[PDB]
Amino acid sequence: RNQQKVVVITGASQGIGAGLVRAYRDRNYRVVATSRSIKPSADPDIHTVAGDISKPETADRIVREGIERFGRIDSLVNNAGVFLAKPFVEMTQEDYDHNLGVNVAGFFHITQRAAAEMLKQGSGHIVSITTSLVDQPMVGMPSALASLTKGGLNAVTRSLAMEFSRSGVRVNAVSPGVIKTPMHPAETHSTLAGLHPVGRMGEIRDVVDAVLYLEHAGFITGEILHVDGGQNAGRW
C-alpha cells in the first residue's frame, strides 16, 4: 500500500474528473487530484491540491506536494480543459488567452514536471483527454480554438511517445465524443445524441474505461483512442 502507484489527475473536480479519481482508487492507485476549486478529502489516499493549472507555479506545487505525500508519481491524466463554440471571426483576444492558458499551458507545465519524475524512475504513463473534433470537425460546430488547442495535444502525444520511447514512459490520448455531464442541460440531449453516428451520447464510464484500459496496456504508446460513437470513422 506504500507500494501503490500514484496518478496525478487534472480537472479532477469536473464530471469525468471524479469518475477518474474513483476508478484509479478502485484499481489501487493513490491520487493527487487538482482543480481550480478542489476541496480536501476524507480519503487518506486522495491528496487534493488547488490551483490555476495554467500557472507554472501550480505544476511545481502539484508534483512537489505529491512526492512529499506519496513518495512518487507514475501516471498523469491531463483532464483540465475548456471548450468554446464560436464563429472564428468573432473570437476575441480574451477567448484566445483563455484557451491557450487552460488547454495548452495547463498541459505543458505539469506534463513537463511529471515527466521529469517518471524519466528518473524509468517508468510511467501520460494520457491526455482530447476531442474527436480534432480529427473530425463539424460544419455547424465552429470551434477553431478547440482544434488548435486539442490538435496540438494529439500531435504532441505522438511526439513525446517517440521522444520517451526507450525510457519506459508511455504517452497516449483518449478522444471522446459528447459525454453526458450534469453541466449538459437535459433539453439538449436529442440533438447532442445526433452528433454521433450511433445516435447516443457518451457516458462518463465509456471514457474512464478507455483511460484505465490504456493505463494497463503496456504495449500501447502514441495511441489516440476514439471513444466517440463512430464520429471519427466517417460522415453521418
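The first residue of the sequence shown is number 1, and the count goes up from there.
Q: Check the entry's C-alpha temperature factors for 120 to 128 and 153 to 161, then say which stretch has the higher mean.
A: That would be 120 to 128.
Q. Per the PDB record, is the mean Cα temperature factor higher over 24 to 32 or over 38 to 46?
A. Between 38 to 46 and 24 to 32, it is 38 to 46.
(Q) Take the CA temperature factors straight from the PDB entry and tell me which of 180, 205, 196, 170 peaks. (A) Highest CA B-factor of the listed options: 180.
Q. Out of 224, 16, 227, 9, which one has a C-alpha B factor higher than all the others in the entry?
A. Top of the list by C-alpha B-factor: 16.
Q) Sorting the chain's CA B-factors, does residue 87 end up in the lowest, middle or highest third? A) Its C-alpha B-factor belongs to the lowest third of this chain's values.
Q) Compared with the other modelled residues in the chain, in which third is the CA B-factor of residue 71? A) Highest third, going by the recorded CA B-factors of the chain.
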